[PDB]
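>>> Starting from these lines, generate the structure:
(4 chains, ligands or ions: 3)
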Amino acid sequence: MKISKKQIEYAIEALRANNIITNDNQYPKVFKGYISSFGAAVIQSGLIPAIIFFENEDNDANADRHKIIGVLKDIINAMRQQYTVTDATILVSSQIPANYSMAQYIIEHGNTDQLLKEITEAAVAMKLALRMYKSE
Amino acid sequence: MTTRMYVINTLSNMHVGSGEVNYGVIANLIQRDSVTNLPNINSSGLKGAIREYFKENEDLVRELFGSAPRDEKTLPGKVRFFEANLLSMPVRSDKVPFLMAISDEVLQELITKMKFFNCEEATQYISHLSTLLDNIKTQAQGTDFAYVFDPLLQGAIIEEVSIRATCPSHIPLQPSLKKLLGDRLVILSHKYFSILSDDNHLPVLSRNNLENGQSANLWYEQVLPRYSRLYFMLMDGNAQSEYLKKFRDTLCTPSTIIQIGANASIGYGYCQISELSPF
Amino acid sequence: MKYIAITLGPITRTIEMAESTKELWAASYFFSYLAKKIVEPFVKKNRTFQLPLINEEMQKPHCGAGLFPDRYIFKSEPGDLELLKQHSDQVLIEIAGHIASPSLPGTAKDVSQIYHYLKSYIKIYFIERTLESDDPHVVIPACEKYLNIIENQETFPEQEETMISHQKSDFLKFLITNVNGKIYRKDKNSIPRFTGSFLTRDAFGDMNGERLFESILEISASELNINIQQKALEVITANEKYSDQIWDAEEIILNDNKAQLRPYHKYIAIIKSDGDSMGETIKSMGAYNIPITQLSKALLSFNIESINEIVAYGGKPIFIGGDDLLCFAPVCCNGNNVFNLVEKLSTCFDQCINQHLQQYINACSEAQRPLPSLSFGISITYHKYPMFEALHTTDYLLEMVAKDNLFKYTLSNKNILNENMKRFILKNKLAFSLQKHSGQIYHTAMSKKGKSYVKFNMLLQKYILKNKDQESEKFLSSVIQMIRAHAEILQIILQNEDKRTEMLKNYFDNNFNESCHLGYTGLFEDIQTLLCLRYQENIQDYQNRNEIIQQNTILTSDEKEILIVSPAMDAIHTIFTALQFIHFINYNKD
Amino acid sequence: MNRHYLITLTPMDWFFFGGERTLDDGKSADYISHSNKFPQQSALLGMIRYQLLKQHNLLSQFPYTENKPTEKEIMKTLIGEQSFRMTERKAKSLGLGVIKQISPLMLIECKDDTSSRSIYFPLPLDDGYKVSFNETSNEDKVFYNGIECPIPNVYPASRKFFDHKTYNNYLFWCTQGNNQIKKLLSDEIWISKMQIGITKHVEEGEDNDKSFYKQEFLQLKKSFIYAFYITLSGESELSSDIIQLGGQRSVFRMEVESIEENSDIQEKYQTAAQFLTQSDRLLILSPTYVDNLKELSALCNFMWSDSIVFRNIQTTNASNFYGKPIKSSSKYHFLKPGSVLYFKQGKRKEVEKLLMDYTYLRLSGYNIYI
Ligand SMILES: Nc1ncnc2c1ncn2[C@@H]1O[C@H](COP(=O)(O)OP(=O)(O)OP(=O)(O)O)[C@@H](O)[C@H]1O
Ligand SMILES: C[S@@+](CC[C@H](N)C(=O)[O-])C[C@H]1O[C@@H](n2cnc3c(N)ncnc32)[C@H](O)[C@@H]1O
Ligand SMILES: [Mn+2]
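Numbers count the residues shown, from 1 in each chain, chains lettered A, B, ... in the order given. Ligands and ions are numbered 1, 2, ... in the order given. Right below this line is the structure:
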């Protein structure tokens, strides 16, 4: 592939909005491993089990792992906002509700090839955008 | 004994080198038209390839293509070769391995070229292609379109440009049009075709030079996808009927393969030249 | 009073007639020779010259370079008109005689035919105006505009018979093609020598060191202390016109020296420079009371110092006269690069401006007005790449990009130049292009106004390998592809105004986060500083220009996109091209 | 008895018109071969002769023959006995067969409303500027290579003086509008592409690695065609066909249209050029040749002119036609179209007499002015 600048911008805005990066351009160290491991988990396991594992709150982890799922949802929402509404197109542009867990959305919105592609692209954008900042 | 249309139908990857100065990662780019930026073959390359195939038949080469570069006496060739413009290209699909992509603009350009050149079977093709294009424009109504004509192909997905194939049931694709444009044909807007045929979407291959296990050089190559179709115009002037008939029969023989492009030894640019069949 | 203004020569056509470096030098020095011979009686008669300052030094041979321009403004007492006419006729009769039959490879020549061809080809127009003021600031432009309109009258030979050899009519190309004469043999154990023509004996002097130019490879590769021309001449004379044979032999001899051969030895650099708005500078020196003789002094001193610097670096001066410079130099020899030579030339120009124009410099300092500057165009090409195409590329670089004549030309063709748009004309630029043997062509442009140029030169000096002697700074080649691949991300980082430097440093640290990269922190920091400086200069120079270009309604979208330049991407491309040049100099296929 | 046709040439592909082939001579070729925007009038005349010999099936085919001297006579009275040469540049007749008069090649624009055609001419070099030649005397005199001439004071017609940094008339072509003069850039008319060519190395023979060249090919914009007028004498039919004009087998389509009788093609061309007329100067519309430029320069104060190169392929009525053609041993320089000659007071008739002294070139399509 090649790096998508618009997706990097969406990733920056979502990382700022989901309280990953502090007021200073700094983030907790473990989020790098979180973002890197998300794609490998998606490929090796299913998309649904990986989203369940990372979206799981009340887990025993060094930081808030569900924040990366929040960032992913925000990036997917921005992508669907920018999607071109034309006939004979495949992509569905409806946004993911803020009251919806990503797992539930993927559960009741199957045939998730578009969702899989969007999630992989958002993970790559997240990984590449996190390198602009410093780890505490 | 007049201008004739020929279809190329490459059976492998094709790389006809521009020789242009590259500004990006791809060192070897393929020839493209100056105005429309579509992939093309220069008439010099077509003449060279066809002369290479017929080089054994000395009399035919002398009569049609002319004298050799070292010939002590020069004879102009009676046959005039024209540019080979891209007709159809294979695009990635989901229900099928690929679809043969054509655009409305290239269809209109083909109609204009046949009207301007007055090909042998030009009239019937012009009429039927014009009716098909008018039906396409009537169904599209100014919107971006992607029309399949096989009912099984409805809902097909063009992967690179994420658009879906629609099936207009009232637009008949005549068998001769299928023979010309290809099987599993998709007619879409020229913007989609331009995106599909641009530098970022044409296949790019990495190549190596190894010396005792050490890499000496690295470069990237651009190729035209296999099963792509190109059309050119051949003007014979007025050649000997026997030599012209031999040329046409050898060209149209199913067992005849012509190498157009650079990398002959690794099988780049082997094609099967076809003639415009009567409609 | 009774001023005389002289313009001469179809310089562009004769330069077009050359396909080799030595032919180009001969064509360039032909007009300098003509101007010298035309104006030496008036200088001998000691009359005041308002354009070129002709002192004793310029009349001396200066390393075979032409310091004499084509435009001369001259104060004349009565009786100079017919004197100038007769001298022009006599200096055609001479030169026609000089090309008749010296030791020059040919058959025979008719002096009258050569004189007729030269009179039909060489333009000699002079204007004798009657002005009321003796002030140079008034007489110079008033005569200059009339010379400019005078240049548009065309004189040419009607018939050119060039066949059956011995009835030729094209003699200027005979002179430029045969300017080194006929290589002559007189012994079995000696050094073959060139029987140089009058141009060589007037340019290069006659005091030893008489290795006249032949083929481009000797200055393309002059750091090995290998007398390539001597071996080439001995090889050619060992068997049995000769320019091609010498070129081929020199290439072979350079090929058997693979041991100490670097890839840039087969590449040649073309240098072109012009004065940034000398006419407006003359207007400013007209407003503030400063004589133009100081500007002429500064230009002459800069010309002499530039000739000296080009010879010391190891290049060849083609033409240096007025504000114009043309040089053929090696890409890198004896540790110095082309850009080192460009920096030295810019420093020499600034030093001469300060030394001879201190009053005007002081006046323009507190008045907040631009100072005279040099725009540079550099083209590096394979030695076998056509010299005409290389010269056209250098001209395109200098004029169109370095002088920003693309913006001005596009605006003027559509008649939207105005004055607010004229406020956006950018000078003091360096245009550089390197085309490989495979046509990869790396090109970039930079502004010599700010510290970005200094940092670029320092980066080139730091990370370019010197020959074996104690250690260098270990340039890393992986950063070249990283910048290209991450260009859009770098643009995003550069567009962030508050955290630009921190974001750039963090990105470079996070991408190059391995053990090996601890030795490349200096390289990373240097490229970060250069990128930030270039982006700041680019936004300062181009932001409002881009906004006004986009807001214009006359211009088409394609012309708008050609005129509009992105600051961040331009800076990234400059860094990429600098790193590519460093790697190209450093790498050798062992 | 003397029928006049209008011939329009439509470029069916990329065309190439040959240049000097070299800046020198001997054996050298040019690695970069550039394409002239227009063919020489010799090319037009040869195309007419070849097409006439194609209509009446008398062609030189396969090695060499003598062509049955009765056929030699009929071919002489059809196409003449000789090609275009500048040796007979003062001859009062074209010396050819049924071909009598050929107009300079025109650039014609054909619009969608195909009822009117726009004829495009090169922009005069003095357009948009005023040239005065003040005659107060003893003020200032130009010496063009030693000849007296009044000073050319020049101003834009909109003061300031001639700024050669803004002079761009040489890049523009012009046509008549029902108002002012329409200026079209040469870029917008001609599309140029450079083609790389080699000969594939067939081994076991040849020292021919040296086959490597670049060529320039020109394409006309979709609405632009080439045209010229021809006069054919007595019984001579010119049928529309597909022709060769220029190098590299450049192919064109003729449309032969017979305009009304009792017409003068020179008058038609001058009527087309009427919109560029200025009474104080002479506008060169087609490449003009003068044997000596000294007399011409003496006849005018200013020659705002340029130069083009001419060299003809010289073939006899019975030549080899299969081999290296014989070219004119002398390379000739013509005055570029769009050049302007600012004559002195009076003496316009003298310059006109000098220009029309070569009636052979005038008939071919050279030395035409307005
Ligand atoms: N030795 C000299 N002394 C004074 N003026 C000089 C000298 N040589 C040249 N000039 C001036 O150079 C001017 C011509 O400059 P030129 O056309 O090369 O470009 P420029 O004004 O320097 O800048 P640009 O190319 O950016 O427009 C003339 O007006 C002339 O007065
Ligand atoms: C392009 S020419 C235009 C007019 C031309 N010099 C003439 O006299 O007809 C102007 C440029 O030619 C170059 N030039 C002038 N004299 C030269 C010389 N003797 N040798 C080489 N280049 C010269 C300088 O760069 C100058 O700015
Ligand atoms: Mn200059």
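>>> near chain D, which residues of the stretch 51-200 of chain B?
Neighbours of chain D within the stretch 51-200 of chain B, by Cβ under 8 Å from any Cβ of the partner chain: B:52, B:69-70, B:73-77, B:80, B:82-83, B:116-117. (Each C-beta comes from the backbone N, C-alpha and C, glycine too.)
>>> at 10 Å instead, please
With Cβ under 10 Å from any Cβ of the partner chain as the criterion, the stretch 51-200 of chain B meets chain D at residues B:51-52, B:55, B:66-77, B:79-83, B:112-113, B:116-117.
>>> where do the strands sit along the stretch 51-200 of chain B?
Assigned by DSSP state E, counting those that start in this stretch, the stretch 51-200 of chain B shows strands spanning B:80-81, B:84-92, B:98-103, B:146-148, B:157-158, B:163-164, B:185-188.
>>> can you redo those as TSV with distance to ligand 3 and mean neighbour count?
What follows is these, written out as TSV (distance: least, Cβ to the ion, whole Å; neighbours: other Cβ atoms under 10 Å in any protein chain shown):
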stretch	distance to ligand 3	mean neighbour count
strand B:80-81	48	22
strand B:84-92	47	22
strand B:98-103	51	23
strand B:146-148	58	24
strand B:157-158	56	20
strand B:163-164	56	20
strand B:185-188	55	26
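>>> mind checking how far the closest residue to residue C:175 other than its chain neighbours is from residue C:368?
If you skip the residues right next to it in sequence, residue C:175 has residue C:99 as its closest partner in space, 5.4 Å away by Cβ to Cβ, 6 or more residues apart in numbering or on different chains. According to Cβ to Cβ, to the nearest Å, residue C:99 stands 54 Å off from residue C:368.
>>> same thing with residue A:49?
In terms of Cβ to Cβ, residue A:49 sits 68 Å off from residue C:368.
>>> sorry, back to before: of the strands of the stretch 51-200 of chain B, which approaches residue D:27 most closely?
Put simply, out of those the one that sits nearest residue D:27 is strand B:80-81, at 29.3 Å, with distance taken as Cβ to Cβ.
>>> The closest one pairs with which strands?
With DSSP bridges as the criterion, the sheet partners recorded for strand B:80-81 are strand B:229-235 (antiparallel).
>>> And the strands in chain C?
Under the criterion DSSP state E, chain C carries strands at the ranges C:3-8, C:71-75, C:124-128, C:159-161, C:183-184, C:193-194, C:267-275, C:316-321, C:324-330, C:332-333, C:336-337, C:374-382, C:429-434, C:442-447.
>>> can you put those in a markdown table and add distance to chain B and mean neighbour count?
Formatted as a markdown table, the entries for these read as follows, by distance: least, Cβ to the nearest Cβ, whole Å; neighbours: other Cβ atoms under 10 Å in any protein chain shown:
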| stretch | distance to chain B | mean neighbour count |
| --- | --- | --- |
| strand C:3-8 | 38 | 22 |
| strand C:71-75 | 37 | 22 |
| strand C:124-128 | 41 | 22 |
| strand C:159-161 | 26 | 18 |
| strand C:183-184 | 33 | 14 |
| strand C:193-194 | 36 | 18 |
| strand C:267-275 | 15 | 24 |
| strand C:316-321 | 25 | 25 |
| strand C:324-330 | 22 | 24 |
| strand C:332-333 | 22 | 25 |
| strand C:336-337 | 23 | 22 |
| strand C:374-382 | 11 | 25 |
| strand C:429-434 | 10 | 24 |
| strand C:442-447 | 8 | 20 |
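>>> Output the ones you listed in a markdown table, with distance to residue D:23 appended to each entry.
Formatted as a markdown table, the entries for the strands of chain C read as follows, by distance: least, Cβ to Cβ, whole Å:
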| stretch | distance to residue D:23 |
| --- | --- |
| strand C:3-8 | 22 |
| strand C:71-75 | 27 |
| strand C:124-128 | 23 |
| strand C:159-161 | 11 |
| strand C:183-184 | 24 |
| strand C:193-194 | 24 |
| strand C:267-275 | 19 |
| strand C:316-321 | 19 |
| strand C:324-330 | 20 |
| strand C:332-333 | 31 |
| strand C:336-337 | 33 |
| strand C:374-382 | 20 |
| strand C:429-434 | 25 |
| strand C:442-447 | 28 |
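>>> Tell me which of these lies nearest to chain D.
strand C:159-161 (3.7 Å; Cβ to the nearest Cβ).
>>> Give me the contact list for that closest one.
Among residues not part of strand C:159-161, those counted as contacts by Cβ atoms under 10 Å, 6 or more residues apart in numbering or on different chains are C:113, C:117, C:120, C:167-170, D:20, D:25, D:86, D:289, D:291, D:309-311, D:328-333.
>>> same deal with stretch C:450-457?
Under the criterion Cβ under 10 Å, 6+ apart, residues C:337, C:339-340, C:342-343, C:346, C:428-430, C:444, C:446-448, C:458, C:526-527, C:529-538, C:540-541, C:571, C:574-575, C:577-578, C:581 lie in contact with stretch C:450-457.
>>> One more: stretch B:123-133?
The contact list for stretch B:123-133 (Cβ under 10 Å, 6+ apart) reads B:5, B:104, B:107-108, B:110-112, B:114-115, B:118-119, B:147, B:149, B:171-174, B:176-177, B:180-181, B:187, B:276-279.
>>> What are the buried residues along that stretch?
If you call a residue buried by 16 or more other Cβ atoms under 10 Å in any protein chain shown, then stretch B:123-133 has these buried ones: B:125, B:126, B:128, B:129, B:132, B:133.
>>> same question, stretch A:115-124
Buried positions in stretch A:115-124, judged by neighbour count with 16+ other Cβ under 10 Å: A:115, A:118, A:119, A:120, A:121, A:122, A:123, A:124.
>>> What is the nearest of those residues to ligand 2?
For ligand 2, the nearest member of the buried residues of stretch A:115-124 is residue A:124. The distance, counting by Cβ to the nearest ligand atom, is 53.1 Å.
>>> and that closest one, how far is that from residue C:565?
Applying Cβ to Cβ to residue A:124 and residue C:565 gives a distance of 30 Å.
>>> got it, and residue C:370?
With the distance defined as Cβ to Cβ, residue C:370 ends up 21 Å from residue C:565.
>>> just to revisit the earlier point, among residue C:99 and residue C:368, which residue is more densely surrounded?
Taking neighbours as other Cβ atoms under 10 Å in any protein chain shown, residue C:99 and residue C:368 compare with residue C:99 leading, 22 against 6.
>>> and that one, what does it touch?
C:106, C:109, C:111, C:114, C:118, C:171-172, C:174-175, C:178, C:197-199 are the contacts of residue C:99 under Cβ under 10 Å, 6+ apart.
>>> what's the burial count for residue 56?
Using chain A here. 13.
>>> Chain B is the one I meant
Burial of residue B:56 is recorded as 8 neighbouring residues (other Cβ under 10 Å).
>>> Got phi/psi on it?
Torsion angles at residue B:56 (phi, psi; degrees, to the nearest 10) stand at phi -60, psi -40.
>>> what's the spacing between the residue of chain B most remote from its centre and ligand 2?
With Cα atoms, centre = their mean as the measure, chain B has its most outlying C-alpha, relative to the mean C-alpha position, at residue B:212: 39.9 Å. Note on residue B:212: its distance to ligand 2, by Cβ to the nearest ligand atom, to the nearest Å, is 52 Å.
>>> ok, back up a step: which of the buried residues of stretch A:115-124 fall in strands?
Short answer: those have none in strands (DSSP E).
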